[PDB]
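Chains as they are written, first to last, in full-length UniProt numbering: chain A, 1 to 335; chain B, 1 to 336; chain C, 1 to 182, 194 to 207, 213 to 234, 236 to 257; chain D, 3 to 74, 83 to 234, 238 to 346; chain E, 3 to 109; chain F, 2 to 109. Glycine is no exception: its CB is placed at the ideal position from the N, C-alpha and C atoms.
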Amino acid sequence: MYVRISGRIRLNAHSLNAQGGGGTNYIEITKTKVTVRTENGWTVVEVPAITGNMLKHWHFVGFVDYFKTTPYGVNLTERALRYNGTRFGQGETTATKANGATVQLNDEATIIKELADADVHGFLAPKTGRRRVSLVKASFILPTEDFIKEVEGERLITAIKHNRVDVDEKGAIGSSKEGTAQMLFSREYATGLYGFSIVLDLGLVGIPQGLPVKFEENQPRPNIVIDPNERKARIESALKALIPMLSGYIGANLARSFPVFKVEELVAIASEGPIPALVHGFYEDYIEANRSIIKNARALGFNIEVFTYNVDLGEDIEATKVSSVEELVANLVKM
Amino acid sequence: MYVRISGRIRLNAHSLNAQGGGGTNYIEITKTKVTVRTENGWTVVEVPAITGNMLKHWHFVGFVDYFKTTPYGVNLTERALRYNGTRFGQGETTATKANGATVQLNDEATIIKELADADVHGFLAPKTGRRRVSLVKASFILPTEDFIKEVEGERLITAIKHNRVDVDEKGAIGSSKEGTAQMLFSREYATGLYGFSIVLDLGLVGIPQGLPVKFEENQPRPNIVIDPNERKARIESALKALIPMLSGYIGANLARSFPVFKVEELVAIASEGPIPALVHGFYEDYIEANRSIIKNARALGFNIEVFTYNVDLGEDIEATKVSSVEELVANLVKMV
Amino acid sequence: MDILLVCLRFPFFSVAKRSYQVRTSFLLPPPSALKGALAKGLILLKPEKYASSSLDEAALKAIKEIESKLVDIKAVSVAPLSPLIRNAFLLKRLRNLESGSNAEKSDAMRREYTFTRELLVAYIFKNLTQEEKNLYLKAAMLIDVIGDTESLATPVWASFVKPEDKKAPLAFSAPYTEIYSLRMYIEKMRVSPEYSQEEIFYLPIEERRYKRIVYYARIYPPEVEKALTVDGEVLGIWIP
Amino acid sequence: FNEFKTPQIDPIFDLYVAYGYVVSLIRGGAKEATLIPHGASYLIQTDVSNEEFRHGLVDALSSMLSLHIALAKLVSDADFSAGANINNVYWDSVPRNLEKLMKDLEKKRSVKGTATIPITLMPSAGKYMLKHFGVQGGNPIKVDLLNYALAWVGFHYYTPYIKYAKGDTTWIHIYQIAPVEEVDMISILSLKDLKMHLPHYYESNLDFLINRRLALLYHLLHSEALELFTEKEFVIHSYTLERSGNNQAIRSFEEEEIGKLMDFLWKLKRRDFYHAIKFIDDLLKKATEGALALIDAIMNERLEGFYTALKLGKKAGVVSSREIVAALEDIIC
Amino acid sequence: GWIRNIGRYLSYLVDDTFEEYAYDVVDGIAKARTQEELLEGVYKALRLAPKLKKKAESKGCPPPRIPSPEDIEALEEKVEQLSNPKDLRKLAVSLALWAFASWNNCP
Amino acid sequence: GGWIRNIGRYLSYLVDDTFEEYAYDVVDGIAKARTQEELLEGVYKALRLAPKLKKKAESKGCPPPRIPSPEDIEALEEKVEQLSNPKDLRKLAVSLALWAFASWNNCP
DNA sequence: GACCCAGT
DNA sequence: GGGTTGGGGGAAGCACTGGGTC
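What follows is the structure, given as structure tokens:
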């Protein structure tokens, strides 16, 4: 419904956010800078960070994977199955579904009903406007400065060479004229302890933002312009899309790197209505600050349920001891 | 049909993944920095590691060997039989079939209908422009955290010099300018409680990315290009390609290193559907994590098939006590 | 005079200036982005008043209401308490919004951002009534995402403060229109968004290197009679 | 005191146009001048008349036309013609504007036309902007000739660039120093010495020019310019114009600082000079992938970088002089 | 600084004039972090004294000079109170850095 | 502190020349050991060759080697019992073996 | 929206 | 301990959707 997950992740030796390889041979991994407070001053370090676009793309990938399980897989665009993510264009008005059905762009009511991918991440149509805000938002995957405080150095960038062997008509090796594909390139993999934070907005699934409520009987109720039974199924299709994140399906080079992924600690809040995000998995004061933010939301009248994984988070909060992401989802799918 | 294998391996005495070049003496082993605790903060420690590229290449090598015995083995790339992983490199507009035929490069499905290599490890078509996502995803090979915590990283690398005996016909080895290509080179070998987390996605075999479904009467049906019996045989061959992974065919240099192996604790999950990946064995306290990843996921409505070895689990789920990986894949090929 | 001060500890920036290939970003968040982030919070929280056919007028009416409840054109100011640093990111920005060039036309653009550790946001009002004071207090929080849909911001707290004419040098941003006596630092800031004007603001950023790095330190402009104190660290606010 | 006004458009374009003001006032004298930084405005404070400003521009453009016509619709091989220019349409359009002022500035007439800025002087330019919905046609960023001519004069002389083609593809890396706290005629004129005219290396032996962060070291190595950065403060801004397979696009754009690199080279090349350049050139040419570990250790003071590069380079060929080893520990201690 | 008189011996096992080419000890000493492998790695380098003694005489140059024990204790007395990796690497990396020199004494 | 140099001087006479005695096995075993028990075994094996070297040096013209003082035996004995963890055991295992190779003026 | 271009 | 060899050559990103004009 309204779930905010965050925490710290320990993944190392992973090739994420490379520089392509159009002509550059040494494929150096992206390098970032972070500031950290020490000895009454601020210092920076050349440490890699992963953008959240990888996280959003993997959410899109997992959405269709968990959407094809239910018999409601008809309502899905063809481009979603090929991992396109273009969402129409400046002049594209018709839609390409799995069965080839045509969709007319007039309002979100006839779009979020016949199509499901266009609602989770939104779309745009400059010909007729009608822009849809992405319901799912990702965060940049960057290493915490606690790791820098305990390291403040070291290479932490594993540069390994990889070779692509090639054969001729009989097993010969060419240099520049025999028509060979022999190549010897480099790959840098990143290490360290990073942080993650994902927000989900399942309350707008099937409810247009322009008219969120019905408002014809003096009783504001959600304007579910789609069928409720399949709306509930769509809830889980996006809720389980974050399960592959907590398993290793992050970034690229999964066939050759497959990051060594295991979450050490996380905190989440689940609620029926809109709720603030707790903290990014970066700052050292990411526990007690959350201990504050909860009491900053309970006094406002929010029925927030806190789920904790490998964190005490004090004792007054009625948090639930979570041991993995899957039972968190299982405890969220009911509501 | 997605299957996840994850576990440990006492892989040692191996010069795998070596950084060296023709004009580069002292061929040395790959070293990957990792994050550990050592009863203190998340410190960083150096340790040798193995790349997932290698594992992917050796999975290709095993897959082609196990696909040779299949009656449909003729439907494979000729270069694949040559123990070469160059799937549609640069310099050619088409590949060569095993029988000597070629492959046409406009449609994605017609590439994999007569070829079982791009349908099992992906491909890239530079000149044409199209591409396919990979099937099998291999993880790096890293030792257990507690293993390097207890030994606090004492070298863990053994450098051995090797030479040859390239003596002339007369029976004398004199000068380099003499013509004796004979010399001293060093190889680095490593040990540790390594771990792997290989995953295979057999639900995408024979399914082109451009047109994965047909929906001719508006029904759930992925667009398969190959015969269902052919698809079953290819899936069985892919599953059988897992035995050489633990059978010592982890990496190259087997002619001179051939690392020692033993079946440690393993966990395999497969239920013929979208399945999350497992937890890597690099972390010492991962077993308890496996007691929470699939504990309630079974109650979600998935008929998760779990095969475990050298672990008692939480003695509450239907975890089959499989003997070795060959029985594990035998139990997987019988449900497809 | 009441000032609503909140804290946003978001690592990486989200705003991108008018640029192609590279995506230059502001050193401090633009007022237009903050206006949008606060306006979008009133729709999903109070949908019984924001009734619109589409998003185009939905944003316009919210911005009009925010400007109406505002003292002047100046929307909202920010205060950096951490050394800003200009990072470098390479993202995918597909170019397929023209009448042609098929459907899939995507290449890599360097969409780089800015990193900070601590930041304050000070909204200004004209002593509003109580019945909407609580509504705006609740709306100040729940700012999960700012700028684009790839970076998340996390609010910390929200409280009202009085100027009381305390002695403290200016710390938040101020427009460069009539302030000359206040090393001076002004850029295009775009306080007012457009939906189919451009004012110049003074930004408290200065580069100081001690022995290794330059970052962006504090310029400490001359003291302004208007200021607000919080958590011991008092900061100077410019009020017209 | 005149305080020539400088329009604010782009943080990088304004750097080029305002920082190029000095090359004209030097030709016209302008004693006791200064440049007050503003982050992006970078305003010049000089007590000089406006008349000599055009006398500076006419001499600067005479030098530009003399350089352009010497080499060879006519396309030269200079910085402003084909060196840093990645687009061929600007190979002849840009010089045409430069000579156009010869019909405007000589007889004391103000500019009336308005040209289109290419991407080389300002990377934020392009063809597809976003205003409210969708994109537009052409380049909406249109720059007046007055500010247009003031950018190339500062670009050719002051900011250096490195070009490495390798046949069809082409990599162009542009670096420039931007003052951030104070600056005077001593520093801005010294930065002019860093410019590499005709940096066309090609062949295959000189491949070390791969990556911008590695090309900057090679550019800096053979230029032992003024070392005032040990007491001053300056920032390096760099951008790339990749043309891999005749595909003009920018794929690398990072912000770094040059002061620590200044200090590193100043502390390195002090005990001896004959062997330091030989050592660094050998590691750059042979240890292509290893010099990245050396350059990365400079902006973060990484201890393992000072060893990994040497380890990877010694295996191929390294002189490994004695006096330079003691130079590293001077930074280390 | 008790470094110039010990780095030249470490350089004896990398230079081309002495073809034995043992980088394992240099790799071990370069990646020494906690308390012990720094003292263990330097043992391997200091052990291969005969090698150099015979190799210098095999060509004509005088035998190399073995470092004096007048300053070896400066490492043991410094590694004790510098237990943390904060400043221990600060000299451990320099120990391996001084191993990559020429010291042309065998023409 | 103080006894390390004295024991290293004794260990130097086993690897230096002008003695026709080269036994690296024991000095290798002392340093790169794994368990505390074999440390004293290696120390005994190194120390056993005291009388055979205390007499040949003067016959060859070299000054007699200085036998380590018995007080240092007390220190090396009393240092090892309280330190049983292998974390900081290898450092002392190699500290005394380091001084075996040095510039001691055995035969001036 | 169809045109443009380079040298060792 | 007393001599012979320290890499050897080959590869060390192709294609791929170029972005400006007019």
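Check                                                                                                                                        : Outcome
Own chain residues within Cβ distance below 6 Å of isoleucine 344 of chain D, not counting five before or after                              : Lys280
9 Å Cβ cutoff, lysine 55 of chain E in contact with chain F                                                                                  : yes
Beta-carbon gap between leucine 4 of chain C and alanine 171 of chain C smaller than 9 Å                                                     : no
Interfacial residues, the region 240 to 251 of chain D to chain A, with Cβ spacing under 8 Å                                                 : none
Test item: CB-CB of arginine 256 of chain D and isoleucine 198 of chain D under 9 Å                                                          : no
Which listed residue (E:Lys56, E:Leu77 and E:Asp17) has its alpha carbon closest to that of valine 95 of chain F                             : E:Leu77
Where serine 175 of chain B sits in the DSSP three-state scheme                                                                              : coil
DSSP beta-bridge partners of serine 257 of chain B                                                                                           : DSSP, once it has assigned bridges, lists no residue as partnering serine 257 of chain B.
Collapsed DSSP secondary structure at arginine 256 of chain D in the structure displayed                                                     : strand
Within chain A, the residues that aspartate 309 of chain D reaches when beta carbons sit closer than 7 Å                                     : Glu46
Exposure of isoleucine 160 of chain B, with buried meaning 16 or more beta-carbon neighbours within 10 Å                                     : exposed
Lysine 173 of chain D at chain B interface by Cβ criterion, 9 Å                                                                              : no
Short CB-CB distance (under 9 Å) between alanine 306 of chain D and chain B                                                                  : no
Beta-ladder partner(s) of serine 251 of chain D, from DSSP                                                                                   : D:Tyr185 and D:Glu267
Residue-chain proximity (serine 85 of chain E, chain D), Cβ-Cβ < 9 Å                                                                         : no
Burial state of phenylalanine 282 of chain B (16 or more Cβ within 10 Å)                                                                     : buried
Through-space distance from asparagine 98 of chain D to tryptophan 42 of chain B, alpha-carbon basis                                         : 53 Å
Neighbouring residues, chain D, relative to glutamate 28 of chain A (Cβ below 7 Å)                                                           : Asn221 and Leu305
Proximal residues of chain B, C-beta to C-beta of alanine 329 of chain D below 7 Å                                                           : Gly23 and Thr24
Residues from the region 256 to 276 of chain D in contact with chain C, defined by Cβ distance under 7 Å                                     : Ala262, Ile263, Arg264, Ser265, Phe266, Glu267, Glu268, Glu270, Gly272 and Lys273
Stretch-stretch touch, CB-based, cutoff 8 Å, three pairs: the region 297 to 307 of chain B with the region 2 to 17 of chain C                : no
Contacts of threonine 179 of chain D in chain A (Cβ-Cβ under 7 Å)                                                                            : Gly23
Chain-order list of residues whose beta-carbon lies under 8 Å from that of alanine 233 of chain A (same chain, five-residue window excluded) : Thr70 and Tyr72
For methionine 183 of chain A, the three-state DSSP class (helix, strand or coil)                                                            : strand
Supposed close pair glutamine 19 of chain A, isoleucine 27 of chain A - CB separation, criterion 8 Å                                         : 6 Å
Cutoff 9 Å: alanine 24 of chain E Cβ touching any chain B Cβ                                                                                 : yes
Residue of C:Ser82, C:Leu119, C:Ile143 and C:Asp165 minimising C-alpha distance to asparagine 40 of chain A                                  : C:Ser82
Cβ separation of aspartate 144 of chain C and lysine 137 of chain A, assumed to be a contact under 8 Å, to the nearest whole Å               : 7 Å
Chain-ordered neighbours of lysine 49 of chain C on chain A, where CB pairs are closer than 8 Å                                              : None at all; the shortest Cβ gap to chain A is about 10 Å.
Any non-hydrogen atom of the ligand ATP within 8 Å of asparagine 4 of chain D CB                                                             : Absence of the ligand ATP is noted for the structure shown, with no ligands found whatsoever.
Range of the contiguous beta strand (DSSP E) that encloses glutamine 146 of chain D                                                          : That residue, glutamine 146 of chain D, is in no beta strand (DSSP E); it is neither H nor E in DSSP.
Chain-ordered chain E contacts of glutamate 150 of chain B [CB-CB under 8 Å]                                                                 : None at all; the shortest Cβ gap to chain E is about 13 Å.
7 Å Cβ shell around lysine 83 of chain D - same chain, five flanking residues per side excluded                                              : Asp102
CB contact flag (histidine 70 of chain D, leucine 108 of chain D, <9 Å)                                                                      : yes
Chain C within 9 Å of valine 306 of chain A, Cβ atoms only                                                                                   : no
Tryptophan 105 of chain E versus D:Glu342, D:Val338 and D:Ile46, residue with shortest Cα-Cα distance                                        : D:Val338
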